[PDB]
There are 6 protein chains.
Amino acid sequence: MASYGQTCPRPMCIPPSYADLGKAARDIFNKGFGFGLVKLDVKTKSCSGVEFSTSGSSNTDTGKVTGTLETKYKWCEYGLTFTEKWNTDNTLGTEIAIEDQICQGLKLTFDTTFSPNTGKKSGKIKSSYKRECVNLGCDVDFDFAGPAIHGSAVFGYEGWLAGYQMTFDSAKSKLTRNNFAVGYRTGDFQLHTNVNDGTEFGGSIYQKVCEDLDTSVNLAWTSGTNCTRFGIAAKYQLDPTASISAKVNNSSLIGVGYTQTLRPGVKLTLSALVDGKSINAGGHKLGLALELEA
Amino acid sequence: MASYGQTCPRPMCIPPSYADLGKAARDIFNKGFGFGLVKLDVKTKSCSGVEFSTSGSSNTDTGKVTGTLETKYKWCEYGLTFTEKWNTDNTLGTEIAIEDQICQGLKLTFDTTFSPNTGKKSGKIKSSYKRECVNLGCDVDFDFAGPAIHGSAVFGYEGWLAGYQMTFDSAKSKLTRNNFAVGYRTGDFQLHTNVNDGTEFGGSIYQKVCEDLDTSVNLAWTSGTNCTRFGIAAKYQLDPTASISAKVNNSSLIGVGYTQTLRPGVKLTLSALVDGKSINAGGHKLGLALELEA
Amino acid sequence: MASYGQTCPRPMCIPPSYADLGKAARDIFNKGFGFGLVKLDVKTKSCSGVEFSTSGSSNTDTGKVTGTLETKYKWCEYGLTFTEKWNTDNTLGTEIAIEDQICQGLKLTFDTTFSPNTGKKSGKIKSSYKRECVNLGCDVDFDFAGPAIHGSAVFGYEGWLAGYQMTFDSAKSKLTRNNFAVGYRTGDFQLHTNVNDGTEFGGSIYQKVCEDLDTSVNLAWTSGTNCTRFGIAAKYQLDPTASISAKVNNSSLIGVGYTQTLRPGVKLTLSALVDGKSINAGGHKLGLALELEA
Amino acid sequence: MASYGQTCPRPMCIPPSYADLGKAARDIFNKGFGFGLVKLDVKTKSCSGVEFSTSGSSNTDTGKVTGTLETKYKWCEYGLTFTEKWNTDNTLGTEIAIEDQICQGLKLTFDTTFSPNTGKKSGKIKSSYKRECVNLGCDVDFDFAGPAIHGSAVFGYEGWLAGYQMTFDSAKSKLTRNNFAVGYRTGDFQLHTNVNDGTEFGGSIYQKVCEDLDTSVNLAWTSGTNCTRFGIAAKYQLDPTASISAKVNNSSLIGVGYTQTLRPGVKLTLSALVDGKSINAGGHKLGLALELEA
Amino acid sequence: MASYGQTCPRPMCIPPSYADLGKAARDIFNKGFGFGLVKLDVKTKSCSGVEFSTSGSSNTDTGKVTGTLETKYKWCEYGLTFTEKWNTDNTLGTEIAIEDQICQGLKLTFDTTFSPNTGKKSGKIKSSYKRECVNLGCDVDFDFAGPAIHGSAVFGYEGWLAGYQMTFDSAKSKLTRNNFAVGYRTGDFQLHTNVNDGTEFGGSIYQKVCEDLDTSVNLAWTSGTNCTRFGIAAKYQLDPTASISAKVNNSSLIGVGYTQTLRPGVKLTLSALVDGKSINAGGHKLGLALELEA
Amino acid sequence: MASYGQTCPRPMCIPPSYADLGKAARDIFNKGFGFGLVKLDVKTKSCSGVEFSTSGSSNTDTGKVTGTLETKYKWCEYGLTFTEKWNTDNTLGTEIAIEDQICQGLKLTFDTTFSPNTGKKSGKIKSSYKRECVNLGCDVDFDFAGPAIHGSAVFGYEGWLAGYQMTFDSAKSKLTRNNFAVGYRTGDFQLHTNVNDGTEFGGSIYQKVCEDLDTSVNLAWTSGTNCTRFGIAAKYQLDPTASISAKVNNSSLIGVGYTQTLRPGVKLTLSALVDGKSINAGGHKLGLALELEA
């Protein structure tokens, strides 16, 4: 038996990171929609252990066309991942990730970025620990007149979750953000509630309804006022190579979308947003995306 | 077989004193850090049965430089220890300890102190009894318009602990403090919860994670309010002659430290505290300590 | 038979890199001389697969004494070399080289450097491919408001060589340097001619004369003028543990030097430069170096 | 046959360092006497490769009691010695020595010292080369507004010795001290003469007289005057575990001393100095020392 | 072989003390004559290690009869001599001598005297060192408003002698007397010349003439004048138990004397002085002495 | 049967001298304590019949360091003791004692002292007669404008004692002191009462309590007043090489002390005095003494 420097079970006795709380509900509301943009994603791999990914994007509301290119090298025998990246704003950088090299359940990542537009150099060091019933870590952001420290932890028991996230500014030695959350998760549904700085509140519901149907509800409100926001969304698997999705915001905003697999490895997504009830006499938006993986 | 005036097993079937409850977790949070101070510890011994110890200390937040010098004589054949002490505030004194002389598991200590700064004389008499599953005792503080009586006891069973601590003022014939605690201990972990006077509550978790890694969690809260405090700490053995430690407080205070053995008998410790997120724009503190044992 | 991702013969059917063109002639003019400096080179190895190297240096014309220390780890079973480095200007760094891991004849190197004097971080990624009759590659320099791209290639046939070297500045998207070279090589002699940016021209001759005698000639000139420079040098093996060298520059500068093996593994070098014809009534320089390898 | 980076014979075809010239005569005059002080030397070793040494000292003419403690680690397989040190003035430090690691006959030592009394940090780098008929080296002292360079060399032939020592101040770029010496050595006797800066002159004679008798003569004088100083000393082995010594200074100062081995590993030394002819009506001094080695 | 704290040969490779220079010539002129006095010397010894000596004396020119009594104890096993003394002027005292106890050739003596006539107490400490070719020492006289220091040394080579004697007054810190001498000695003759304070000069000749005949010459003169003094003396062994002596002074003073052994252990001496040429019509003097040793 | 000039039995049918009345009680109160002083006692003997004793002493309340040296010669075959003495105040002297030489039970002592500090000479003649049931004698003190006569006698019967002591001044022919005493003695206890000049009264009780325990009581009072003084003391043998003692004075003065034999012939004594009840806020005193007998 190999020795251990830390112990953990297989998922899902290990909780989500703070950032992942509510992810399933969020994916129903976010994935499948691309309103206002045209996106192009080309992914390829080589047997040498290198993956490539290029992502193009055109924003209808700015007229700007942008994109990012990444190359990733996977040292499977070491637990090391090396990434090279470039984008259209001439920002370039390198990322190095370490997994289970120090102790089991430990992930360490170094992110260094440079931008010749100004000559600015900056970066981040991330650390994350996964163990039975706990998911904890911290990102430290190194920049001019920084660093900033972003700590977090989630813990749980018998499907119940709770946790926090805090951001500190070391140039002031002050806390600038303090978020908290609670919830419950199982295979069929997830329930989440949270607060940001004691002022912004909200939550979400994720629910499996049928084998082909995933639904969710988002809630939000602001302390000191009577303003509340909400919405409902769903994703329906039409067939093995097709799906539809839609969502309705309390502000009468209705999103729709459709994804179709054209060929295994090839997926096409179309979507649109309508401003009710003034349609088509308002801010109608459309989107298109094509993804190809080799 | 020698006769007995009291009986006890070898540790650890004998519980910790009330004061020692949670010690392992506390050491992770306290040892290895010296923020704000420079400390110098010189220890020597002689084959005549005398040990000497001198401890220097400089506090960055006051500008004061202080220190203490002690001489200890060990009468190994009698179970008696005699200590002479002096410090920079001109306080001088004598301590006499008696171990297993009266009955097995019994420790008696006499502590007499004098300060020419005022001419004040005061002292303490301590008594502590160790037996199977019980650790009980009392310190009596003799001073002007005293004495005060500080009693305590811890008991346990199959790794479970419980106990109390009480302070009485004999000049009033009243109880002034009443502390309680419960917990569990084993080789791999310790769990402790306590209360002071029914108002201050808290606890701690000690956990061995890996052979080279010791971690802990501290909790605290105050009755009548919603104020809670907490923090997480760890100590990692980098190599046989080096270690690192760190701790994070809920108030965004991050402590770091490093200890290195320079030579067997010689240890160097460096540490610092950063006030997140305003760093370096806040109350940054550093520490340094060197210890030499002959 | 192992598969191949690239093919090459044994040297010397594989040409030198652009940087190595003319190396043999250059070594006669450079090696064996240390005018103006005192140098100390200590090299050691351990059976654990680690090599150490420390190099001290004192420059008579500045009064500065400097040096560098390196540690190298050779993963012979992987084709990987890991280097740690530090120097007197407080520059520190890490280098990782990969050889024949991707495909045969391919060398990849990652060079990361940090200097706390300013907090600056920078580095290089190098790639070099060796194949029958071709030696090609590129160094990319990543820095503030960079990167710079330094490409090169040498090719040949039946002893004949030709190649180029180009430097580009990606922050401008311009070529900044374009060097070209031609030549011929065999066991007994080498002939090289080159040009830098169409303005600086030069070349060299390497010739074996006798078993104990290596000689060479350097030539240079600048476009737009009548200024030419040249010199002649030689190295003579006096005996198995001793050698002498000398060189004469067209500007009447005469270099001399002597190397002696004191013990296998131990070499002592002395040298001097005289400013003719005003000697000793001019800028006379001396040098000394001792190298020990364990 | 192992390779060599330098060559040397066994002693004594390798001369003493400049500092060691006249050492045998000096030991007769210095060793065995401790006038005015009480000294205590405890030395111990452990099979783990660590040696410990503690030295106490009481000076009758100041009333001060002081001392030093050192720990030494011997990496016999590497040629490396690591020393940790502390003393009563709160000065602490580390020394690292390297022997025959670079090349044969080469010794390199790094000495770093810190004193919290002021917070001052300083140190030295030493280099010494031993070869047939030559002993050369240099100590560089790194301090505030330094460094100072202390160079030296001794050479010889057929028992004859000669050499020099020079100190330079790099903050001035000037020589501050220039010492020279000549002499002769054999098994039975040694003759030494020297000069410091052209002003202070002196010398010594060492002579074996009988198997149990070692004698010596010291001479000194100052340029520009008629002032001369001298003295004669001897050491006599009374028996295998006892010896006596004495010395007479031209200023009528007579030193006496006696050493006795009490047990192998245990040595006791007593000594005294009398101011002739006014005895006992003058500055009579006594000394005592005990040394124990385990 | 016993150890040595000092070394010396047997006499006569060790010179006489300053006070002993010329002693042989002086004995011819002094011994055997007792003009003007009657003397009685009784010496006894006991097997217990105690010697006694009583000396009576009557001076014809004063009419006073005096005497001294001494008791001496010889601690042969220690090298210690203890003497008790009393005389007719009521002066009493104690003397302690130490020989070869400290180091070989070293003699130390303590002389304490008391006189109830006045109640005065005073004394001397003497130190004398005998070594090959050197005889050195010092007497320190401790009295009211003293001490006085009387230093001396004699050295020689191949029969040649030279030396000095100086007296200092420590209450003034001045030299009060400075004597010098030179000479030659062998078995057959001795030659001595001296000076006291640069003013008084003189010398003597000792010569063996025949087996039964010892002769000598005394010389003296004073600086600043033409005054010289001299005389010639001789001692003749008449038979094994009888001898005659005589001396003539330049001032026409002729001394004669005769000694006879009456019985072994018993000696009778008669003598007279005649004032030439006015005899018997001048200051004629006679003497008588009897000595008995048991 | 030898003739007798006086007759007496063996002790204790012969009473103590007046000065020895109450000695056992006094020793409990005096011996074992040295408050305020450091004392050093070195005693040696030689087989030649000479004993030496040197006693050093440092008084904390004056800062003066003093001492005495004595040499004693024992003429065992004669009944004669001869003592030579010197001390730090430059007082010197001789003592001669005669025992049983005149008649049995008779002791005669001559004590002569001189001090060069003034030139003063003085002394004493003592005479003491021991017989069945009587102990009588007289000391005569001879000094300037003296002598003084100090007579005494003690007599007894069946354990009962009585006696007197008187001092007369012969320069006045008057009695100056007249002391009287009565008491009882046995092996287990002693009772004593006395009066000095009819004004000072007191007494003591000595009692053996246990084999290892000796106790006593002191009483005193002054005629004409109501002032009384008293105290209680004890000595306890802790073991064959250790003892403790203590005493309490009516004026709240508590003395403590401890003696330990370190080695046969070597004894170490520590002691202290505390001023009750103001401790430690009063005239606390400590003492130390070491005695070595060879």
# chains A, B, ... in the order shown; residues from 1 in each chain; ligands from 1
$ interface_residues --of "chain A" --to "chain B" --cutoff "10 Å" --atoms "only C-alpha atoms" --output "PyMOL selection string"
chain A and resi 3-7+103-104+145-151+166-178
$ residues_around --residues "residue D:61" --least-positions-apart "5" --cutoff "12 Å" --atoms "only C-alpha atoms" --output "ChimeraX atom specification"
/D:35-38,283-287
$ atom_distance --atom1 "atom CA of residue A:2" --atom2 "atom CA of residue B:239"
19.8 Å
$ residues_around --residues "residue A:34" --least-positions-apart "6" --cutoff "8 Å" --atoms "only C-alpha atoms" --output "JSON list (two decimals) with C-alpha atoms, in the first residue's frame"
[["chain", "number", "residue", "atom", "x", "y", "z"],
["A", 270, "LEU", "CA", -28.04, 28.54, -31.93],
["A", 271, "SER", "CA", -29.76, 30.88, -29.49],
["A", 272, "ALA", "CA", -31.81, 34.04, -29.01],
["A", 286, "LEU", "CA", -29.21, 36.16, -31.57],
["A", 287, "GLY", "CA", -26.18, 33.87, -31.16],
["A", 288, "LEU", "CA", -24.28, 31.12, -33.04],
["A", 289, "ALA", "CA", -21.54, 28.75, -32.07]]
$ select_by_dssp --residues "stretch 16-195 of chain B" --states "alpha helix (DSSP H)" --output "ChimeraX atom specification"
/B:23-30
$ write_last_selection --atoms "N, CA and C atoms" --output "CSV table (one decimal), in the first residue's frame"
chain,number,residue,atom,x,y,z
B,23,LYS,N,-3.9,21.1,24.1
B,23,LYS,CA,-2.5,21.5,23.9
B,23,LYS,C,-1.9,21.2,22.5
B,24,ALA,N,-2.2,20.0,22.0
B,24,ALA,CA,-1.6,19.7,20.7
B,24,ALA,C,-2.1,20.7,19.6
B,25,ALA,N,-3.4,21.0,19.5
B,25,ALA,CA,-3.9,22.0,18.5
B,25,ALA,C,-3.2,23.4,18.8
B,26,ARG,N,-3.1,23.7,20.1
B,26,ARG,CA,-2.6,25.0,20.4
B,26,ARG,C,-1.1,25.1,20.0
B,27,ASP,N,-0.3,24.1,20.2
B,27,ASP,CA,1.1,24.1,19.7
B,27,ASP,C,1.2,24.4,18.2
B,28,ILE,N,0.3,23.8,17.4
B,28,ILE,CA,0.4,24.1,16.0
B,28,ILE,C,0.2,25.6,15.7
B,29,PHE,N,-0.8,26.2,16.4
B,29,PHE,CA,-1.1,27.6,16.2
B,29,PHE,C,0.0,28.5,16.9
B,30,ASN,N,0.6,28.1,18.0
B,30,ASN,CA,1.6,28.9,18.7
B,30,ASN,C,3.1,28.7,18.4
$ residues_around --residues "residue D:71" --least-positions-apart "6" --cutoff "6 Å" --atoms "only C-alpha atoms" --output "ChimeraX atom specification"
/D:51-52,83-84
$ residues_around --residues "residue D:180" --least-positions-apart "2" --cutoff "7 Å" --atoms "only C-alpha atoms" --output "number ranges by chain"
D: 163-165, 178, 194-196
$ residues_around --residues "residue F:11" --least-positions-apart "5" --cutoff "12 Å" --atoms "only C-alpha atoms" --output "VMD selection string"
chain F and resid 16 105 130 to 135
$ decode --residues "stretch 212-234 of chain B" --atoms "C-alpha atoms" --output "CSV table (one decimal), in the first residue's frame"
chain,number,residue,atom,x,y,z
B,212,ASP,CA,5.2,15.1,8.0
B,213,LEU,CA,2.0,17.0,8.5
B,214,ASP,CA,0.2,18.3,11.6
B,215,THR,CA,-2.9,20.4,11.2
B,216,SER,CA,-5.5,22.1,13.4
B,217,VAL,CA,-8.7,24.3,13.7
B,218,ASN,CA,-9.6,26.8,16.4
B,219,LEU,CA,-13.2,27.9,17.1
B,220,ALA,CA,-14.6,30.6,19.5
B,221,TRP,CA,-17.8,32.6,20.1
B,222,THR,CA,-19.5,34.9,22.7
B,223,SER,CA,-22.9,34.4,24.3
B,224,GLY,CA,-25.4,37.1,23.7
B,225,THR,CA,-24.0,37.9,20.3
B,226,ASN,CA,-23.5,36.6,16.7
B,227,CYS,CA,-19.7,37.1,16.9
B,228,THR,CA,-17.7,34.1,16.0
B,229,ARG,CA,-14.0,33.7,15.5
B,230,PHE,CA,-12.0,30.9,13.9
B,231,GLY,CA,-8.8,29.9,12.3
B,232,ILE,CA,-6.8,27.1,10.6
B,233,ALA,CA,-3.2,26.2,11.0
B,234,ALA,CA,-0.6,23.7,9.9
